[PDB]
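According to the deposited numbering, the sequence shown is numbered sequentially starting from 27.
So the structure is just underneath, and the comments pick up after that.
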Amino acid sequence: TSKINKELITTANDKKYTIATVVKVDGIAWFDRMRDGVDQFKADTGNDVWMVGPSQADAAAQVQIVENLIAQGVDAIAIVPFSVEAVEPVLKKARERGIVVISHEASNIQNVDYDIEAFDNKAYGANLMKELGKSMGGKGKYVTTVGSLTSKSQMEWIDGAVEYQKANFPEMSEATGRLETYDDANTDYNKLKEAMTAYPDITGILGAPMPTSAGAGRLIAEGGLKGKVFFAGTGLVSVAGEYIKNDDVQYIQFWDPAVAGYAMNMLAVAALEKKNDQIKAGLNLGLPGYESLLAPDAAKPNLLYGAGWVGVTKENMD
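This is the structure we're talking about:
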């Protein structure tokens, strides 16, 4: 399911490694989709890889999970942090045990061997604002969502989205502060509905974590509100396609966490095969979206991007 045609040497010699992928939450479309990725990697490599996460999204549950992994003397850790502040300790601990750490969606992380981002997050959120802005006519009031308030990427998107609006749609403004919805759609529902009857006007929703797409879709379907309240954010067609075809939510974007999952494990073995002097800018993974990597910060030269995402109202996807 990950297209592996061009590819590299994540190879040898003659060893297989044990690499766990630690994710925000095990349960929802996004990471199910990542799981196909990690598993295909196991097919194509025979490394002891698997994916694990909290039953429900929790800072402390991820921390615990990594602890388990510490206890097992695993070879690498690949983590998509729910709260970066929360895991930097147990990761520091891990590195001490000569464990390799690969991060994702966590660009300000320090204690990793490397971190990879699918794209420029500032740019990403801006593209969500560019859309939402049109829908609303660049005039109304809007509200934003994040999973954790310590999910870096999502903060970056919302930061990059607000920054656009202030420069491009100065007659719009954040109706209220950011909503922590904790990557749960039923919770994005309640928190949106709550802010609806507190600021009834609000005619725009900006969603960073995938479920918000479902959560806001649901709210728009139930009561009014098609055409009066607009949505732009991350989503998958899996969880939101019907809300798109029904005119309920107007634009969603994303990347393929299956490929992102692959890339992570590739970097993990590269590191583990001690090719650290090859994991640098311009490096080609040979995966769609990872053909040339970027290290834009001179200060964090092991912060890698990652280029390109996907926009939808033409649902070709799964």
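Heads up, the beta-carbon is just placed ideally off N, CA and C, and yes, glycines get one too.
Beta-carbon proximity check, residue i vs residue j, cutoff 8 Å
{"i": "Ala296", "j": "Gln304", "result": "yes"}
{"i": "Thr47", "j": "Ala120", "result": "no"}
{"i": "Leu232", "j": "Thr176", "result": "no"}
{"i": "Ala258", "j": "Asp62", "result": "no"}
{"i": "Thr229", "j": "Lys167", "result": "yes"}
{"i": "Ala55", "j": "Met236", "result": "yes"}
{"i": "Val51", "j": "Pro80", "result": "yes"}
{"i": "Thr238", "j": "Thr202", "result": "no"}
{"i": "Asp227", "j": "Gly173", "result": "no"}
{"i": "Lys160", "j": "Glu197", "result": "no"}
{"i": "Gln136", "j": "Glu114", "result": "yes"}
{"i": "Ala149", "j": "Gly315", "result": "no"}
{"i": "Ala102", "j": "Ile128", "result": "yes"}
For residue i, the nearest candidate out of the options (CA to CA)
{"i": "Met77", "options": "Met290, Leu319 and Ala144", "result": "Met290"}
{"i": "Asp40", "options": "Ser318, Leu298, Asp323 and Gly312", "result": "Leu298"}
{"i": "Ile91", "options": "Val116, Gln276, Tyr215 and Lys68", "result": "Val116"}
{"i": "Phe280", "options": "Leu95, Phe108, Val338 and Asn272", "result": "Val338"}
{"i": "residue 369", "options": "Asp70, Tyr43 and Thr44", "result": "The first residue shown for the chain is 27 and the last is 344, placing residue 369 beyond what the model contains."}
{"i": "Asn342", "options": "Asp52, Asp146, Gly243 and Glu268", "result": "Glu268"}
{"i": "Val265", "options": "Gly53, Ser28 and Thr27", "result": "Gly53"}
{"i": "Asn212", "options": "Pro196, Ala333 and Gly241", "result": "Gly241"}
{"i": "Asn310", "options": "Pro322, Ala333, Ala193 and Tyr43", "result": "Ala333"}
{"i": "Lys68", "options": "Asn94, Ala83, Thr36 and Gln82", "result": "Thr36"}
{"i": "residue 7", "options": "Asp185, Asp139 and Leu320", "result": "There is no way to answer for residue 7, as the model of the chain reaches only from 27 to 344."}
{"i": "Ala152", "options": "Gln180, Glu143 and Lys118", "result": "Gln180"}
{"i": "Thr44", "options": "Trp183, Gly72 and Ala221", "result": "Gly72"}
{"i": "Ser318", "options": "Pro327, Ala325 and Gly308", "result": "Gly308"}
Cutoff 7 Å; reference residue i; Cβ partners in own chain excluding five residues on either side
{"i": "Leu245", "result": "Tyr215, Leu218 and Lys219"}
{"i": "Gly312", "result": "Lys32, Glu33 and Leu34"}
{"i": "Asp146", "result": "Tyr331"}
{"i": "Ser199", "result": "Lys167"}
6 Å CB neighbourhood of residue i in its chain, flanking five on each side removed
{"i": "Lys178", "result": "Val110, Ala132, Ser133 and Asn134"}
{"i": "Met155", "result": "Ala187, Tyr190 and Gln191"}
{"i": "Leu205", "result": "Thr171 and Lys217"}
{"i": "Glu157", "result": "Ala258 and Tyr277"}
{"i": "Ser28", "result": "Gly63, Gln66, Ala284, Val285 and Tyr288"}
{"i": "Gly99", "result": "none"}
Residues bridged to residue i [DSSP beta-bridge criterion]
{"i": "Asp74", "result": "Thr44"}
{"i": "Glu182", "result": "Paired residue(s): none; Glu182 is not in a bridge."}
{"i": "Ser129", "result": "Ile105 and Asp141"}
{"i": "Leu329", "result": "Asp141"}
{"i": "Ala258", "result": "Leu232 and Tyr277"}
{"i": "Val169", "result": "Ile231"}
{"i": "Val336", "result": "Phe280"}
Any chain C beta carbon closer than 8 Å to residue i
{"i": "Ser129", "result": "The structure shown contains no chain C; it holds only a single protein chain."}
Residues near residue i in its chain [Cβ-Cβ closer than 8 Å; skip 5 each side]
{"i": "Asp58", "result": "none"}
Distance cut-off 7 Å: residue i Cβ against heavy atoms of the ligand NAP
{"i": "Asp323", "result": "This structure does not include the ligand NAP; it has no bound ligands of any sort."}
* Evaluate the contact criterion for the region 269-277 versus the region 80-96: three or more CB pairs, one atom per stretch, below 8 Å. => no
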